[PDB]
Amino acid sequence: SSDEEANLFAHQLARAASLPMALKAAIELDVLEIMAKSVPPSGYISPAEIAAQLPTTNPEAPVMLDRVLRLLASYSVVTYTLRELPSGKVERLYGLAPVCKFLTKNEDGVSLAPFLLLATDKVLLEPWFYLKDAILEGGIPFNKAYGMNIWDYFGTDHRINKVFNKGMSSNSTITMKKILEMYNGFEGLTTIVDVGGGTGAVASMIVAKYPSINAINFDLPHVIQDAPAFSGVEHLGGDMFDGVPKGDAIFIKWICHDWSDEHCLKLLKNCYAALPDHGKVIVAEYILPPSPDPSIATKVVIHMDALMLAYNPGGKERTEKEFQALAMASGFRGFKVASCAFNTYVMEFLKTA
């Protein structure tokens, strides 16, 4: 019965995708939001009460919903309680687990739900069918699937460009709120460039905290076209590999992990050129731990490394030494790990140390 446990595990592995796809459906139905707003003083609500708030009105909706919520409950995505009905049978009622705090809109209208919709999108699951091909043939699984780099594909496909940019905006909003409570390194700058800033969430947050700072959000044209106006942020489109806007500091969050070491050095030399004599690059990334331990924090970084292998041209997760090596090879003389929040480190690459 080491056998029994191993056979079970193999089954669990085989079906693991069903959990995020069940969660995706629950998000796309607005179930977790319906729960947050309807739950009584107990904490729990029935699938029938949930389903009366959905636009259906499929008589099989309440049972289908219960079956989905039961899977989420088994993994503690939602909580549950049992209630015995006269009509003997016991039903499940569902409540919010702590993770739902990040899967439903906070006080400012933000959650990780759009990030989950990106992670579970048909476009991001397709490259995984070409992992074996890329290993044997060379190249990038995404490019085998779509015939071009991820960014170029986003420039062709308006729906996924929007899902991607919204997903990064949401995740970054949540993490940068915490980084900004811990990290002081934006204090005193007069101008900050967010290179690869997406739709400008991070730039906007920096301006909100430091009203005197002028921020530049720089990304590809096809991203910058959808960036909402925010007073104190200028959205500039271009290509970071040709050059970046000038500023007192440059912020790059989740950019280096997208790119090979050679591409990173190219970018970082462009950042060095764009900065004044004593300026800096602020790098926000995961940092690879020494081993594939089974901690969730490590598992999450290793999962990202594998995503970078599926998606990106040479992208990968890096150790602190590897980052320090990049800084050095692009001309910076100092390196600091400055801060950490929600598993994301903030590094500074200083032109003078």
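So that there is no doubt, residue numbering starts at 1 and follows the sequence shown.
- For the pair 86 to 94 and 118 to 126, the mean Cα B-factor is higher in 86 to 94.
- The mean C-alpha temperature factor is higher for 35 to 43 when 35 to 43 and 295 to 303 are set side by side.
- Set against one another, the Cα B-factors of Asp277, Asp133, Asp258, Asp152 in the record reach their highest point at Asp277.
- In the PDB entry, the Cα temperature factor peaks, among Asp157, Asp194, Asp239, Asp108, at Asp108.
- Ranked within its chain, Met328 lands in the highest third, by CA B factor from the PDB record.
- Placement of the Cα temperature factor of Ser170 within the chain: lowest third of the modelled residues, per the deposited record.
- Among the modelled residues of its chain, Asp248 has a C-alpha B-factor that falls in the middle third, as given in the PDB entry.
- Ranked by Cα temperature factor within the chain, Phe102 sits in the middle third according to the deposited record.
- The deposited CA B-factor of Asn161 belongs to the lowest third of values across its chain.
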